[PDB]
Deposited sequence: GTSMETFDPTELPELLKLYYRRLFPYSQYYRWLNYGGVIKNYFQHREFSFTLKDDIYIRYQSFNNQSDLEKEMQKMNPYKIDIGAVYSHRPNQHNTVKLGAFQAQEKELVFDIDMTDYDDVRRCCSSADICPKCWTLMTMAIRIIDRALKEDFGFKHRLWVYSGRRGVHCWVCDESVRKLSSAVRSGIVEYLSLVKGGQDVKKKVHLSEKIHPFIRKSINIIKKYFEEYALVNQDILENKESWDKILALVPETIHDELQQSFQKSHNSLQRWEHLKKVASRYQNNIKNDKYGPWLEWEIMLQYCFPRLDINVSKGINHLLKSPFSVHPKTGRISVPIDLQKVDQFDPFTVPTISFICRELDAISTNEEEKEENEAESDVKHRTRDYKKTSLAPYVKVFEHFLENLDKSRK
């Protein structure tokens, strides 16, 4: 019921929202003129009403407007050529997005075809490991393959995670280059009319090998125990749909003679590595095994979020109105331990604040601000 939110939001924006850390972030050291003043913010108010092209002069101005409007959620957009809140006085064609963080949005709902426990916006500990693998796979590539140093991972508050890549030269990337980065990171392709969504080449690129090796660390506990993807014929038929027909019968017989998913996976790998893809040559390998693991575990991005320079994205420390959860930074050093269900709601921290220094340090929000500050300290070091 979003009728209790206004009272809780007013307290949150008055005593708990981390304004000074937030401004340290988006002011980026104050080195570039008008960088914060030219940032678009988009507030959502009651009744799904929202406003585009809000912008503020400084931290005090942001605080006062957030505390005046108490928005249900806050989205961050690009840095523009002029003040967004003056964009109607700008000659046509001159008001232009110029810079923005490279962002990623990952939605558990995009995995429904390979999730057995949950569907739609639901999540649980048995499928959250998909996000753990997505963070590790994507973050490794952003850090090691692209050399991006300033990466803020955030729980979106309901069904997934965000990443904000904030390096100086990343923020200037064109939409076309952003799109190229997405394609580099993408392997799972196809809608609901495409049964087999992953096709690998004979020689696998090191990004693919390294991503497979990450999944291999999690696959037994995630796919074979928690999801039990080969529990019975209803489940293992979905996997047989991803391999050549000419081995279904052999695998059916092995599955029926095995006791559990662990044993049945071992048989699939043995058979798959004996399949002859090209009768021309005598070359064999684990391509099928890899294509299955990738289809079930490899990150699926909400790609349109990443391609557009102008694209809004929900802010860190925004409330998610549908759950009350605060969109909190994720401690990269404890990603395996992240529990979305310990993430505090706005109701929970407002209760803590006044249960028997009146700021977020009295509440469960404090450790999440600490992660944010570590990210901000690295940005500070990078500028001196």
Unmodelled stretches of the deposited sequence, numbered from 1?
-> 1-7, 364-382
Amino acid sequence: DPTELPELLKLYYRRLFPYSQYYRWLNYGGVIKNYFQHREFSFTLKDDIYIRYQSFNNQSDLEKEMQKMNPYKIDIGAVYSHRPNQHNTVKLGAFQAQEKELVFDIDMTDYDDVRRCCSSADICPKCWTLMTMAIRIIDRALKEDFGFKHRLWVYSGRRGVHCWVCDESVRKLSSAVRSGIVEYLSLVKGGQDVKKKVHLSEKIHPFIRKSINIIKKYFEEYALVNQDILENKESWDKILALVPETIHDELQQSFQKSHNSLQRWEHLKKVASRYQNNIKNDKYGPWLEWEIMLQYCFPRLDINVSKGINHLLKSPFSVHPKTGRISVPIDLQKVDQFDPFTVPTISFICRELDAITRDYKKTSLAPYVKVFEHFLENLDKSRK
From here on, numbers count along this sequence of modelled residues.
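Definition used throughout: the rigid core is the maximal C-alpha set that superposes within 1.5 Å between two forms.
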Stretch with greater C-alpha deviation in 7 other deposited structures of this protein, 45-53 versus 28-36 (rigid core superposition) = 45-53
Top-deviation stretch by C-alpha RMS in 7 other deposited structures of this protein (rigid core reference), from 145-153, 112-120, is 112-120
Relative to the other PDB entries of this protein in the set, is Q333 coordinate-less in at least a third?
-> no
Coordinates for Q59 lacking in at least a third of the other PDB entries compared?
-> no
Greater mean Cα temperature factor according to the PDB record, 313-321 or 57-65 | 57-65
Which is higher in the entry, the mean Cα B factor of 220-228 or that of 246-254?
-> 246-254
Out of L240, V79, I137, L102, which one has a C-alpha B factor higher than all the others in the entry?
-> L240
Per the deposited entry, the peak Cα B-factor within the set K149, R159, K210, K270 goes to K270
Using the B-factor values recorded in the entry, state whether the Cα atom of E168 falls in the lowest, middle or highest third among the modelled residues of its chain.
-> middle
Comparing against every modelled residue in the chain, figure out the third that the C-alpha B-factor of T342 lands in (lowest, middle or highest).
-> lowest
Check where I49 lands among this chain's C-alpha B-factors and tell me if it's the lowest, middle or highest third.
-> middle
Select lowest, middle or highest to describe the third in which the CA B-factor of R115 falls within its chain in this entry.
-> middle
Ranked against its chain, the third holding the CA B-factor of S327 = lowest
